[PDB]
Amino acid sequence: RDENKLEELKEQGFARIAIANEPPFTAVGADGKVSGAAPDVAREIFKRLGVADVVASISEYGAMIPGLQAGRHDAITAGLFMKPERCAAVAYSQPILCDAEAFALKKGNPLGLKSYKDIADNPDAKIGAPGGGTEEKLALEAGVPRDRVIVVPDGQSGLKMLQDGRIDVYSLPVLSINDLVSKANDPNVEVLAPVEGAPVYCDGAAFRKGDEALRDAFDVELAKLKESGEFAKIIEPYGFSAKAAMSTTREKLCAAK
């Protein structure tokens, strides 16, 4: 049942995927059509594997690995960036979506916040970030106390909290912040990208550890997409660099480094 997971999905007609609704990584249309770069790549590979559709579930990032391990979804296709800790819990594909981290800030950046350390250093500064996300962990690792790292469910709420003064900075990947701010039409909000001292991350699709045969099959198709140039045709309209993903590997991103 673990080694024949692909057969099960093919006979099912669909894979269940976990997403967060954070353009341009993931997005949901009014009609329910899931798109964004991660679901678009995943939908194309699954189709090539003979799985006709993807069925997307929205959750906050902290719920994704748990639900995957619990067998609730078949893959996480959400821009869930690779990290040693995550790599130990799931079977990742090779890299797909790469991005740096950004801040959304008050115009003029009055608190002079340019790094996660800057936030840790100012006891007034509160940062908003998705729960269980890389930004939240980077804030905590820089020494921002738990009570100044504020969980934010989604981008529109993060911007509203920033505008309202409930947080001083909201942090997401560069492409996500730029997309959100450009749609907001708020002259009193300002983007700093990339965050100084922050790592650049890449994601991949994540599978249950026991579903390694499905991960392999997914990876065979991903490699062919990369080789043909079809990979770039899918992700680059969303703002991603195919070169960046193709310059690295799962083992390098997952290494103790």
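All residue numbers refer to positions in the sequence shown, first residue = 1.
According to the PDB record, 179 to 187 carries the higher mean C-alpha B-factor of the two stretches 71 to 79 and 179 to 187. Each of 97, 150, 161, 169 has a CA temperature factor in the record; the biggest one is found at 161.
The PDB entry assigns residue 32 a C-alpha temperature factor belonging to the highest third of its chain's modelled residues. Among the modelled residues of its chain, residue 17 has a C-alpha B-factor that falls in the lowest third according to the deposited record. Looking at the C-alpha B-factors along this chain, the one for residue 87 belongs to the highest third. Split the chain's modelled residues into thirds by C-alpha temperature factor. Residue 244 is in the middle one. In the PDB entry, a CA B factor belonging to the highest third of its chain's modelled residues is recorded for residue 208.
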